[PDB]
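Everything on this sheet refers to the single structure shown next.
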Amino acid sequence: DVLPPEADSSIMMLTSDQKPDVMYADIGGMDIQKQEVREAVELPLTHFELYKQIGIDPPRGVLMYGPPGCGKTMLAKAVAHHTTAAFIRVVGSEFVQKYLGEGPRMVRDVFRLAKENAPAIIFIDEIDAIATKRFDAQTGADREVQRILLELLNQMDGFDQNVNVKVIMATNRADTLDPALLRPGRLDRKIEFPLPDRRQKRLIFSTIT
Amino acid sequence: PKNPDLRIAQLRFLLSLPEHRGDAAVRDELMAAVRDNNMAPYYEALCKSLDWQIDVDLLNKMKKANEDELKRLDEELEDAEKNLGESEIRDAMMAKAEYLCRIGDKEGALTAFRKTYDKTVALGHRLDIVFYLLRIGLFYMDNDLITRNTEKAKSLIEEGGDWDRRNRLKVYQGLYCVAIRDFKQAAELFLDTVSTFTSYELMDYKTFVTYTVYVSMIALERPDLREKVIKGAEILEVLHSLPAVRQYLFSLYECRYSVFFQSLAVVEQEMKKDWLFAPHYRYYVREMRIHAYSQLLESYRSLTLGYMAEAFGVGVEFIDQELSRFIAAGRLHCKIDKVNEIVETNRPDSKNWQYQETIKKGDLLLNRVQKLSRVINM
Amino acid sequence: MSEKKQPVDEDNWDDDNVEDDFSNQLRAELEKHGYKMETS
Amino acid sequence: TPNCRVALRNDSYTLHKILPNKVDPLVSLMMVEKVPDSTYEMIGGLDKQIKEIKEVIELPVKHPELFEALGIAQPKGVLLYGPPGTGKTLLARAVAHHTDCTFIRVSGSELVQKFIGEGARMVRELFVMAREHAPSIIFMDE
Amino acid sequence: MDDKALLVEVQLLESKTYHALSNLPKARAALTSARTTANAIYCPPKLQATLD
Amino acid sequence: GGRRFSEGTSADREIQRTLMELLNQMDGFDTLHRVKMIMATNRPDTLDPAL
Amino acid sequence: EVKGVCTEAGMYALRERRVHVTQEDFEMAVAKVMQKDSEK
Ligand SMILES: Nc1ncnc2c1ncn2[C@@H]1O[C@H](COP(=O)(O)OP(=O)(O)OP(=O)(O)O)[C@@H](O)[C@H]1O
Ligand SMILES: Nc1ncnc2c1ncn2[C@@H]1O[C@H](COP(=O)(O)OP(=O)(O)O)[C@@H](O)[C@H]1O
Ligand SMILES: [Mg+2]
């Protein structure tokens with residue numbers, strides 16, 4: 001018998017006691033990046049037919065990075081609060097299961113839930129835990145992770161521009177990554193979080209004070 | 001070459017179909033016809049034309065030059081295959097077999113085109129070949145062959161966006177949908193008039209504007225007319241140079257009914273003397289009249305017949321026999337009284353009228369599958 | 001095949017409906033208006 | 001055939017039936033890498049360089065005898081240079097795309113590693129798949 | 001010269017005076033020149049909203 | 001704790017997965033209330049700035 | 001940078017909700033990507 005779809009602990013972010021209760025006005029001095037990710041994620045989610053009609057190839061997934069304490073988690077809290085679509089929110093160092101196969105199945109059923117569920121949104125944190133550079137085929141602990149990256153690298157390619165499934169990925173070190181993850185068709189938008197100097201800084205002072 | 005190639009067929013119309021009008025067409029069509037090496041497509045047009053027995057040597061110097069380009073294709077096809085750039089014989093006649101499309105007939109065109117279609121692995125030349133087949137399918141009106149390469153055309157634009165190959169294509173589907181009497185689709189392909197371009201075939205952008213307004217005025221209703229063509233600046237500034245067309249549009253929108261028949265007789269007269277509209281010029285104004293009659297007549301219920309001669313258009317007996325044949329034609333929803341001199345309207349439901357075309361298509365398809373049902377199984 | 005044992009011996013239809021209603025009526029309906037300007 | 005999947009019974013492990021083939025590791029390799037496939041129709045104004053690279057690569061496939069007409073060896077190495085963002089990847093992809101050769105770049109990565117072998121102590125183990133797709137071209141970055 | 005911020009001021013002033021003297025397309029082109037001029041300054045503190 | 005690495009030996013990778021698991025578990029998407037962490041070291045030289 | 005401009009030029013017509021890309025979007029973009037040429 002065939003089954004209705006099913007996945008692990010990231011069930012939909014149940015939306016009642018699940019908002020991180022953060023407003024857009026809580027983040028001060030991030031007009032470029034907030035307006036820019038507003039262009040990047042939910043503007044194709046609603047106004048899809050302009051991306052289709054003008055035909056400008058809307059981005060599949062987005063990468064965001066920088067020094068820590070620059071709003072990486074908080075921006076996802078705000079977008080996850082004011083979103084209207086389904087939101088899928090995993091912690092990216094949980095695919096290292098002790099049993100083999102639970103990793104790759106845990107990869108594919110999440111994207112199956114994003115497929116079946118809604119025009120939804122994927123979030124992954126600490127991508128440095130998976131996407132590295134060097135590998136060693138003598139442990140199995142490394143071979144499992146190699147099989148993780150092959151599976152997610154496949155399942156990102158298993159799309160057809162028709163589903164409105166967006167992947168948001170926040171990390172700290174861009175250096176310890178594979179550019180094969182950063183090839184176009186998978187990733188095209190890379191957002192550093194630099195330091196606000198004075199101008200956006202005083203807005204943060206106004207908001208906190 | 002196929003970029004000035006439509007004026008040729010328009011002037012074959014201008015030669016053949018207006019009987020009195022056959023002098024300047026055999027002037028300028030010969031002016032273009034025995035130059036730029038044209039040989040094949042005017043022997044039957046020479047039969048429909050005059051004797052022109054002096055043009056035998058004109059055919060000989062140009063079958064000689066046709067032989068020159070032919071034999072230098074025959075000079076290219078061995079160094080072209082000696083070192084292989086990219087099938088360089090078909091790289092020569094991928095530009096000169098379209099010359100051969102103009103110069104020779106469709107056959108040495110088509111085998112070289114279905115030939116050369118397999119050369120360029122990217123569609124940046126394939127879809128141009130398909131455009132050429134579209135244009136010669138228009139010229140010889142190959143109404144089955146246009147259906148093939150329209151689909152084979154459209155199947156190529158989805159990779160890439162290619163809106164200079166999709167809106168440019170919408171020009172072709174617009175000209176075919178106005179070639180046939182499919183006007184609500186013809187204006188729908190004529191929707192943009194913005195991405196449309198200063199063409200090779202409508203070298204006047206404003207002639208394209210006249211075409212899209214002539215098809216729009218039937219193709220769409222008041223709400224559409226009262227937003228789209230009336231508020232477009234890009235459509236307004238081009239009829240800004242048009243004295244009559246701006247009048248002919250605004251005589252209908254501004255309830256100027258009497259001059260609307262005058263300018264209607266003008267545009268209908270030129271349409272009668274127009275290529276590609278001369279198949280349906282009578283079809284045009286028989287819809288224009290009943291359209292305006294629907295417009296004024298679906299306002300009031302007790303408006304009399306004698307009111308319309310002075311404010312609408314002269315001739316009481318003309319309005320008599322004209323509305324009589326339209327109620328008798330089963331449209332124009334009203335019911336005229338005669339010997340008390342008053343015109344009464346009603347309103348029908350959307351039931352029996354919508355029922356009618358359903359029993360039409362039902363009987364039509366019943367005839368279809370009945371006929372095929374006797375075709376198969378002996 | 002296709003023998004017929006012999007004992008005895010778009011482009012057109014919408015146009016043909018134009019002929020069906022307006023078969024022979026007001027062919028050159030161009031000057032009758034200007035002829036009704038003075039009679040009406 | 002060697003390197004092919006099969007069906008197998010379980011009680012006596014008698015060979016049951018031959019199934020579909022395994023996907024090629026080079027095909028999976030390029031599927032991982034995802035180079036931007038290209039053509040002549042997306043080249044902007046580099047036609048003399050096109051004429052050079054045709055002389056280098058296009059000739060010793062379609063006319064290998066034409067070098068025997070001159071008695072010289074065939075060229076083997078190409079160095080392209082210039083600032084980044086000037087068409088190197090699309091050009092080298094395009095040439096193999098038009099002459100129908102297996103465009104195989106190398107990056108020294110280690111997700112690629114399991115398809116070359118278990119360790120591949122040299123680079124030279126790539127040559128088995130290279131001569132297994134014998135009309136092939138090797139590409140490299142900086 | 002080496003200055004950029006005053007070009008925003010004089011093109012924006014032309015955007016005042018051509019629309020105030022009723023010349024719509026030249027005001028559109030001058031406003032567009034204020035856009036593509038203002039697309040190169042790190043701080044439009046008041047010229048941003050004044051352009052807005 | 002550690003600073004980070006440029007990926008020397010095969011052991012420290014999942015240790016960094018453990019460490020980043022801890023970091024995301026600190027203040028990632030949670031009202032971390034009523035739970036106070038107390039840490040100690042001899043040298044703070046060798047720590048992640050993210051920690 | 002040519003593709004950096006002309007891919008970006010659709011964002012301007014999109015953010016002013018057009019369906020036709022206009023020439024002022026391009027020169028509006030050249031100062032931005034060429035402002036990144038004016039960046040470091
Ligand atoms: N507008 C703002 N801009 C920057 N930081 C802010 C702002 N408002 C609050 N913060 C502070 O920044 C802190 C870090 O937020 P967040 O966790 O999103 O940073 P981060 O970039 O995710 O860093 P890390 O990845 O190390 O958690 C918050 O605890 C908050 O106190
Ligand atoms: N001559 C060109 N014509 C068209 N696009 C080009 C050209 N040169 C570079 N590009 C653009 O640059 C990108 C490829 O960069 P390329 O120079 O091939 O590799 P690299 O930058 O690594 O040398 C493509 O996205 C392409 O659109
Ligand atoms: Mg964080």
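To be explicit about the labels: the chains of the structure tokens are called A, B, and onward in the order shown, and within each one the residues are counted from 1, while ligands get numbers from 1 in the order they are shown.
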8 Å shell around ligand 1 using only C-alpha atoms and all ligand atoms, listed as a ChimeraX atom specification: /A:26-30,65-77,170-172,193,203-204,207-208 /F:23-24,27-28,50-51
Export, as an mmCIF file, in the first residue's frame, the selected residues with C-alpha atoms.
```cif
data_model
loop_
_atom_site.group_PDB
_atom_site.id
_atom_site.type_symbol
_atom_site.label_atom_id
_atom_site.label_comp_id
_atom_site.auth_asym_id
_atom_site.auth_seq_id
_atom_site.Cartn_x
_atom_site.Cartn_y
_atom_site.Cartn_z
ATOM 1 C CA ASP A 26 12.182 45.067 16.755
ATOM 2 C CA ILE A 27 15.071 45.028 14.277
ATOM 3 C CA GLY A 28 16.423 48.533 13.740
ATOM 4 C CA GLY A 29 18.873 49.551 11.043
ATOM 5 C CA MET A 30 18.539 46.654 8.607
ATOM 6 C CA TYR A 65 26.271 34.714 6.987
ATOM 7 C CA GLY A 66 28.621 37.072 8.779
ATOM 8 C CA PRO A 67 30.064 37.620 12.231
ATOM 9 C CA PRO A 68 27.864 36.326 15.056
ATOM 10 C CA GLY A 69 25.339 38.523 16.799
ATOM 11 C CA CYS A 70 24.209 40.302 13.666
ATOM 12 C CA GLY A 71 20.581 39.210 13.461
ATOM 13 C CA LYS A 72 20.930 35.834 11.736
ATOM 14 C CA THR A 73 18.564 34.090 14.130
ATOM 15 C CA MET A 74 16.453 37.188 14.800
ATOM 16 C CA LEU A 75 15.673 37.896 11.153
ATOM 17 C CA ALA A 76 14.392 34.338 10.777
ATOM 18 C CA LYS A 77 12.328 34.901 13.926
ATOM 19 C CA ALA A 170 22.305 30.825 8.125
ATOM 20 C CA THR A 171 25.938 30.122 9.003
ATOM 21 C CA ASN A 172 28.954 31.733 10.638
ATOM 22 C CA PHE A 193 25.957 40.717 7.696
ATOM 23 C CA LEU A 203 18.701 53.105 15.318
ATOM 24 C CA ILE A 204 19.496 50.014 17.385
ATOM 25 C CA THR A 207 14.913 50.640 19.581
ATOM 26 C CA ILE A 208 16.583 49.088 22.620
ATOM 27 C CA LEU F 23 25.293 26.955 20.504
ATOM 28 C CA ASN F 24 22.041 26.633 18.582
ATOM 29 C CA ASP F 27 19.574 30.739 22.062
ATOM 30 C CA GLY F 28 18.228 29.339 18.829
ATOM 31 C CA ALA F 50 30.644 32.768 18.808
ATOM 32 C CA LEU F 51 30.618 31.056 22.194
#
```
Nearby polymer residues, ligand 2, at most 6 Å, only C-alpha atoms and all ligand atoms, as a PyMOL selection string: (chain D and resi 42-44+84-90) or (chain G and resi 3)
Check: which chain A residues lie within 9 Å of chain F using only C-alpha atoms, as a list in words: residues 20, 67, 68, 69, 73, 74, 76, 77, 91, 92, 93, 94, 96, 125, 126, 128, 129, 130, 132, 133, 134, 135, 136, 139, 141, 142, 172, 175 and 176 of chain A
Selection export as an mmCIF file, in the first residue's frame, atoms kept: N, CA and C atoms:
```
data_model
loop_
_atom_site.group_PDB
_atom_site.id
_atom_site.type_symbol
_atom_site.label_atom_id
_atom_site.label_comp_id
_atom_site.auth_asym_id
_atom_site.auth_seq_id
_atom_site.Cartn_x
_atom_site.Cartn_y
_atom_site.Cartn_z
ATOM 1 N N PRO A 20 8.033 33.155 17.360
ATOM 2 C CA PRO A 20 9.140 33.631 18.185
ATOM 3 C C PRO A 20 8.837 35.024 18.711
ATOM 4 N N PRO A 67 29.668 37.796 10.839
ATOM 5 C CA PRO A 67 30.064 37.620 12.231
ATOM 6 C C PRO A 67 28.848 37.352 13.100
ATOM 7 N N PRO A 68 29.023 36.684 14.237
ATOM 8 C CA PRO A 68 27.864 36.326 15.056
ATOM 9 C C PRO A 68 27.299 37.529 15.790
ATOM 10 N N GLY A 69 26.018 37.433 16.132
ATOM 11 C CA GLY A 69 25.339 38.523 16.799
ATOM 12 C C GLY A 69 25.038 39.652 15.847
ATOM 13 N N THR A 73 19.694 34.802 13.554
ATOM 14 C CA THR A 73 18.564 34.090 14.130
ATOM 15 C C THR A 73 17.338 34.993 14.206
ATOM 16 N N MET A 74 17.554 36.271 14.526
ATOM 17 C CA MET A 74 16.453 37.188 14.800
ATOM 18 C C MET A 74 15.675 37.527 13.538
ATOM 19 N N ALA A 76 15.235 35.503 11.002
ATOM 20 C CA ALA A 76 14.392 34.338 10.777
ATOM 21 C C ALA A 76 13.239 34.277 11.769
ATOM 22 N N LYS A 77 13.438 34.797 12.984
ATOM 23 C CA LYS A 77 12.328 34.901 13.926
ATOM 24 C C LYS A 77 11.260 35.856 13.417
ATOM 25 N N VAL A 91 17.036 22.147 13.012
ATOM 26 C CA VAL A 91 18.350 22.432 13.557
ATOM 27 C C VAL A 91 19.329 21.488 12.872
ATOM 28 N N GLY A 92 20.304 22.068 12.186
ATOM 29 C CA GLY A 92 20.998 21.352 11.136
ATOM 30 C C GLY A 92 22.017 20.320 11.558
ATOM 31 N N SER A 93 22.227 20.141 12.859
ATOM 32 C CA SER A 93 23.124 19.097 13.335
ATOM 33 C C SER A 93 22.353 17.924 13.918
ATOM 34 N N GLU A 94 21.153 17.666 13.414
ATOM 35 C CA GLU A 94 20.349 16.547 13.873
ATOM 36 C C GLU A 94 20.245 15.437 12.853
ATOM 37 N N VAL A 96 22.801 13.730 11.983
ATOM 38 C CA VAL A 96 23.823 12.745 12.360
ATOM 39 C C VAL A 96 23.158 11.795 13.347
ATOM 40 N N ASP A 125 19.968 25.783 10.197
ATOM 41 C CA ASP A 125 20.989 26.517 10.921
ATOM 42 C C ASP A 125 22.219 25.627 11.094
ATOM 43 N N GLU A 126 23.363 26.279 11.332
ATOM 44 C CA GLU A 126 24.720 25.708 11.437
ATOM 45 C C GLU A 126 25.013 24.704 10.312
ATOM 46 N N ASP A 128 27.669 24.753 8.720
ATOM 47 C CA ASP A 128 29.031 24.301 8.982
ATOM 48 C C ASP A 128 29.092 22.908 9.600
ATOM 49 N N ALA A 129 28.025 22.458 10.264
ATOM 50 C CA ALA A 129 27.996 21.100 10.790
ATOM 51 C C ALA A 129 27.910 20.046 9.698
ATOM 52 N N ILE A 130 27.459 20.407 8.501
ATOM 53 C CA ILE A 130 27.327 19.417 7.442
ATOM 54 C C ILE A 130 28.266 19.745 6.298
ATOM 55 N N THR A 132 31.177 20.847 4.787
ATOM 56 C CA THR A 132 32.581 21.124 5.032
ATOM 57 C C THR A 132 33.345 20.959 3.725
ATOM 58 N N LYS A 133 34.668 20.983 3.815
ATOM 59 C CA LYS A 133 35.514 20.841 2.641
ATOM 60 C C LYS A 133 36.149 19.461 2.562
ATOM 61 N N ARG A 134 36.886 19.067 3.590
ATOM 62 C CA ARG A 134 37.644 17.826 3.568
ATOM 63 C C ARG A 134 36.790 16.655 4.024
ATOM 64 N N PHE A 135 37.134 15.470 3.537
ATOM 65 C CA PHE A 135 36.402 14.266 3.890
ATOM 66 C C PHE A 135 37.375 13.109 4.031
ATOM 67 N N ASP A 136 36.937 12.075 4.739
ATOM 68 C CA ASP A 136 37.785 10.918 5.003
ATOM 69 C C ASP A 136 36.910 9.678 4.917
ATOM 70 N N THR A 139 36.076 6.295 8.240
ATOM 71 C CA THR A 139 35.428 6.306 9.545
ATOM 72 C C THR A 139 33.991 5.821 9.515
ATOM 73 N N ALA A 141 31.554 7.694 10.215
ATOM 74 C CA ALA A 141 31.005 8.932 10.745
ATOM 75 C C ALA A 141 31.138 10.062 9.739
ATOM 76 N N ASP A 142 32.165 10.013 8.901
ATOM 77 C CA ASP A 142 32.309 10.969 7.819
ATOM 78 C C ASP A 142 31.560 10.519 6.572
ATOM 79 N N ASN A 172 27.970 30.814 10.093
ATOM 80 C CA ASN A 172 28.954 31.733 10.638
ATOM 81 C C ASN A 172 30.204 31.833 9.785
ATOM 82 N N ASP A 175 34.069 30.171 4.996
ATOM 83 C CA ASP A 175 35.304 29.590 4.489
ATOM 84 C C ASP A 175 35.270 28.071 4.525
ATOM 85 N N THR A 176 34.641 27.500 5.542
ATOM 86 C CA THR A 176 34.596 26.051 5.698
ATOM 87 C C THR A 176 33.402 25.447 4.970
#
```
Spatial neighbours of residue C:30, 12 Å, only C-alpha atoms, chain gap at least 5 places, as a PyMOL selection string: (chain B and resi 261-270+272+285) or (chain C and resi 35-36)
Output for the residues just chosen: N, CA and C atoms as a PDB file, in the first residue's frame:
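Final output, result-v4.pdb:
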```pdb
ATOM      1  N   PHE B 261     -21.234  56.495 -39.340  1.00  0.00           N
ATOM      2  CA  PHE B 261     -21.497  55.777 -40.578  1.00  0.00           C
ATOM      3  C   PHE B 261     -20.678  56.333 -41.728  1.00  0.00           C
ATOM      4  N   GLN B 262     -20.302  57.609 -41.656  1.00  0.00           N
ATOM      5  CA  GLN B 262     -19.482  58.198 -42.707  1.00  0.00           C
ATOM      6  C   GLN B 262     -18.068  57.642 -42.652  1.00  0.00           C
ATOM      7  N   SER B 263     -17.430  57.772 -41.491  1.00  0.00           N
ATOM      8  CA  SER B 263     -16.109  57.196 -41.283  1.00  0.00           C
ATOM      9  C   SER B 263     -16.137  55.675 -41.357  1.00  0.00           C
ATOM     10  N   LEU B 264     -17.271  55.068 -40.998  1.00  0.00           N
ATOM     11  CA  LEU B 264     -17.474  53.638 -41.203  1.00  0.00           C
ATOM     12  C   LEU B 264     -17.444  53.277 -42.679  1.00  0.00           C
ATOM     13  N   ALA B 265     -18.045  54.112 -43.525  1.00  0.00           N
ATOM     14  CA  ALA B 265     -18.010  53.854 -44.957  1.00  0.00           C
ATOM     15  C   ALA B 265     -16.616  54.078 -45.522  1.00  0.00           C
ATOM     16  N   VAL B 266     -15.854  54.989 -44.913  1.00  0.00           N
ATOM     17  CA  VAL B 266     -14.471  55.215 -45.328  1.00  0.00           C
ATOM     18  C   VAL B 266     -13.609  53.998 -45.020  1.00  0.00           C
ATOM     19  N   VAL B 267     -13.586  53.590 -43.748  1.00  0.00           N
ATOM     20  CA  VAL B 267     -12.738  52.487 -43.310  1.00  0.00           C
ATOM     21  C   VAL B 267     -13.206  51.176 -43.925  1.00  0.00           C
ATOM     22  N   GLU B 268     -14.513  51.029 -44.122  1.00  0.00           N
ATOM     23  CA  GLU B 268     -15.028  49.860 -44.815  1.00  0.00           C
ATOM     24  C   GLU B 268     -14.657  49.875 -46.286  1.00  0.00           C
ATOM     25  N   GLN B 269     -14.556  51.061 -46.878  1.00  0.00           N
ATOM     26  CA  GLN B 269     -14.170  51.151 -48.277  1.00  0.00           C
ATOM     27  C   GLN B 269     -12.704  50.775 -48.462  1.00  0.00           C
ATOM     28  N   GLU B 270     -11.828  51.308 -47.609  1.00  0.00           N
ATOM     29  CA  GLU B 270     -10.414  50.956 -47.684  1.00  0.00           C
ATOM     30  C   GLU B 270     -10.185  49.499 -47.311  1.00  0.00           C
ATOM     31  N   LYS B 272     -12.374  47.134 -47.892  1.00  0.00           N
ATOM     32  CA  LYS B 272     -12.730  46.458 -49.133  1.00  0.00           C
ATOM     33  C   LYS B 272     -11.560  46.461 -50.101  1.00  0.00           C
ATOM     34  N   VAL B 285     -18.399  45.101 -41.143  1.00  0.00           N
ATOM     35  CA  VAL B 285     -19.383  46.149 -40.915  1.00  0.00           C
ATOM     36  C   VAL B 285     -20.770  45.592 -40.618  1.00  0.00           C
TER      37      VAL B 285
ATOM     38  N   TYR C  35     -27.158  59.727 -50.477  1.00  0.00           N
ATOM     39  CA  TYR C  35     -28.412  59.879 -51.194  1.00  0.00           C
ATOM     40  C   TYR C  35     -29.603  60.008 -50.258  1.00  0.00           C
ATOM     41  N   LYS C  36     -29.447  59.620 -48.998  1.00  0.00           N
ATOM     42  CA  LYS C  36     -30.472  59.815 -47.990  1.00  0.00           C
ATOM     43  C   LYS C  36     -30.268  61.087 -47.193  1.00  0.00           C
TER      44      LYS C  36
END
```
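Our summary of the geometry notes that atom CA of residue C:29 is positioned 29.0 Å from atom CA of residue B:340.
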Residue list for chain G near chain A as JSON, numbers by chain, 7 Å, only C-alpha atoms: {"G": [7, 10, 14, 19]}
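Listed by chain and then by rising number, the residues of chain G that DSSP assigns to alpha helix (DSSP H) from the backbone are residues 2, 3, 4, 5, 6, 9, 10, 11, 12, 13, 14, 15, 23, 24, 25, 26, 27, 28, 29, 30, 31, 32, 33, 34, 35, 36 and 37 of chain G.
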Take the selection from the previous step and output its residues with N, CA and C atoms, as a PDB file, in the first residue's frame.
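Listed below is the output, result02.pdb:
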```pdb
ATOM      1  N   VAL G   2      27.761  42.817 -16.937  1.00  0.00           N
ATOM      2  CA  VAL G   2      26.669  43.003 -17.882  1.00  0.00           C
ATOM      3  C   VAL G   2      25.454  42.209 -17.433  1.00  0.00           C
ATOM      4  N   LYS G   3      25.665  40.939 -17.089  1.00  0.00           N
ATOM      5  CA  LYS G   3      24.573  40.149 -16.546  1.00  0.00           C
ATOM      6  C   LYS G   3      24.206  40.615 -15.146  1.00  0.00           C
ATOM      7  N   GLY G   4      25.167  41.190 -14.414  1.00  0.00           N
ATOM      8  CA  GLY G   4      24.859  41.750 -13.113  1.00  0.00           C
ATOM      9  C   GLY G   4      23.914  42.931 -13.185  1.00  0.00           C
ATOM     10  N   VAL G   5      24.008  43.723 -14.247  1.00  0.00           N
ATOM     11  CA  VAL G   5      23.060  44.812 -14.444  1.00  0.00           C
ATOM     12  C   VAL G   5      21.742  44.280 -14.980  1.00  0.00           C
ATOM     13  N   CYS G   6      21.802  43.568 -16.104  1.00  0.00           N
ATOM     14  CA  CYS G   6      20.585  43.293 -16.852  1.00  0.00           C
ATOM     15  C   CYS G   6      19.737  42.202 -16.211  1.00  0.00           C
ATOM     16  N   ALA G   9      17.848  44.490 -13.639  1.00  0.00           N
ATOM     17  CA  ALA G   9      16.935  45.510 -14.149  1.00  0.00           C
ATOM     18  C   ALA G   9      15.469  45.095 -14.081  1.00  0.00           C
ATOM     19  N   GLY G  10      15.185  43.795 -14.002  1.00  0.00           N
ATOM     20  CA  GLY G  10      13.823  43.354 -13.779  1.00  0.00           C
ATOM     21  C   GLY G  10      13.303  43.637 -12.386  1.00  0.00           C
ATOM     22  N   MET G  11      14.200  43.799 -11.407  1.00  0.00           N
ATOM     23  CA  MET G  11      13.767  44.081 -10.041  1.00  0.00           C
ATOM     24  C   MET G  11      13.138  45.456  -9.923  1.00  0.00           C
ATOM     25  N   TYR G  12      13.536  46.386 -10.786  1.00  0.00           N
ATOM     26  CA  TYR G  12      12.988  47.732 -10.722  1.00  0.00           C
ATOM     27  C   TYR G  12      11.577  47.770 -11.284  1.00  0.00           C
ATOM     28  N   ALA G  13      11.375  47.161 -12.452  1.00  0.00           N
ATOM     29  CA  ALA G  13      10.035  47.067 -13.016  1.00  0.00           C
ATOM     30  C   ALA G  13       9.135  46.197 -12.157  1.00  0.00           C
ATOM     31  N   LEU G  14       9.721  45.229 -11.455  1.00  0.00           N
ATOM     32  CA  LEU G  14       8.949  44.421 -10.527  1.00  0.00           C
ATOM     33  C   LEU G  14       8.552  45.230  -9.300  1.00  0.00           C
ATOM     34  N   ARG G  15       9.464  46.048  -8.780  1.00  0.00           N
ATOM     35  CA  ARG G  15       9.139  46.786  -7.571  1.00  0.00           C
ATOM     36  C   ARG G  15       8.235  47.977  -7.849  1.00  0.00           C
ATOM     37  N   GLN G  23      13.859  51.353 -20.117  1.00  0.00           N
ATOM     38  CA  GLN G  23      15.265  51.701 -20.274  1.00  0.00           C
ATOM     39  C   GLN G  23      15.816  52.473 -19.086  1.00  0.00           C
ATOM     40  N   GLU G  24      14.965  53.138 -18.312  1.00  0.00           N
ATOM     41  CA  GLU G  24      15.463  53.855 -17.151  1.00  0.00           C
ATOM     42  C   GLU G  24      15.782  52.923 -15.999  1.00  0.00           C
ATOM     43  N   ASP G  25      15.248  51.704 -16.028  1.00  0.00           N
ATOM     44  CA  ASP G  25      15.635  50.704 -15.046  1.00  0.00           C
ATOM     45  C   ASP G  25      17.080  50.281 -15.245  1.00  0.00           C
ATOM     46  N   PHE G  26      17.526  50.231 -16.501  1.00  0.00           N
ATOM     47  CA  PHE G  26      18.896  49.837 -16.801  1.00  0.00           C
ATOM     48  C   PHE G  26      19.885  50.866 -16.291  1.00  0.00           C
ATOM     49  N   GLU G  27      19.695  52.131 -16.664  1.00  0.00           N
ATOM     50  CA  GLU G  27      20.575  53.182 -16.170  1.00  0.00           C
ATOM     51  C   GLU G  27      20.393  53.408 -14.676  1.00  0.00           C
ATOM     52  N   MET G  28      19.235  53.038 -14.129  1.00  0.00           N
ATOM     53  CA  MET G  28      19.089  52.993 -12.684  1.00  0.00           C
ATOM     54  C   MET G  28      19.902  51.867 -12.066  1.00  0.00           C
ATOM     55  N   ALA G  29      20.200  50.820 -12.831  1.00  0.00           N
ATOM     56  CA  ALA G  29      20.969  49.697 -12.316  1.00  0.00           C
ATOM     57  C   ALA G  29      22.467  49.851 -12.523  1.00  0.00           C
ATOM     58  N   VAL G  30      22.876  50.548 -13.589  1.00  0.00           N
ATOM     59  CA  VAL G  30      24.293  50.716 -13.907  1.00  0.00           C
ATOM     60  C   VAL G  30      24.978  51.530 -12.825  1.00  0.00           C
ATOM     61  N   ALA G  31      24.265  52.489 -12.250  1.00  0.00           N
ATOM     62  CA  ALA G  31      24.838  53.213 -11.129  1.00  0.00           C
ATOM     63  C   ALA G  31      24.873  52.384  -9.854  1.00  0.00           C
ATOM     64  N   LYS G  32      24.131  51.278  -9.780  1.00  0.00           N
ATOM     65  CA  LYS G  32      24.201  50.450  -8.585  1.00  0.00           C
ATOM     66  C   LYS G  32      25.272  49.375  -8.686  1.00  0.00           C
ATOM     67  N   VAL G  33      25.320  48.644  -9.800  1.00  0.00           N
ATOM     68  CA  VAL G  33      26.375  47.652  -9.972  1.00  0.00           C
ATOM     69  C   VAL G  33      27.705  48.350 -10.227  1.00  0.00           C
ATOM     70  N   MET G  34      27.671  49.460 -10.958  1.00  0.00           N
ATOM     71  CA  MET G  34      28.842  50.316 -11.070  1.00  0.00           C
ATOM     72  C   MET G  34      29.068  51.154  -9.823  1.00  0.00           C
ATOM     73  N   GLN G  35      28.075  51.254  -8.940  1.00  0.00           N
ATOM     74  CA  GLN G  35      28.367  51.740  -7.598  1.00  0.00           C
ATOM     75  C   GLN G  35      29.128  50.683  -6.812  1.00  0.00           C
ATOM     76  N   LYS G  36      28.867  49.407  -7.093  1.00  0.00           N
ATOM     77  CA  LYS G  36      29.719  48.368  -6.535  1.00  0.00           C
ATOM     78  C   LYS G  36      31.078  48.338  -7.215  1.00  0.00           C
ATOM     79  N   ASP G  37      31.170  48.833  -8.454  1.00  0.00           N
ATOM     80  CA  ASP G  37      32.473  49.153  -9.026  1.00  0.00           C
ATOM     81  C   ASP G  37      33.091  50.344  -8.304  1.00  0.00           C
TER      82      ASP G  37
END
```
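Between atom CA of residue B:218 and atom CA of residue B:357 there is a distance of 19.9 Å.
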Strand (DSSP E or B) call set, DSSP backbone run, stretch 6-186 of chain A, as a PyMOL selection string: chain A and resi 61-65+87-89+121-125+166-170
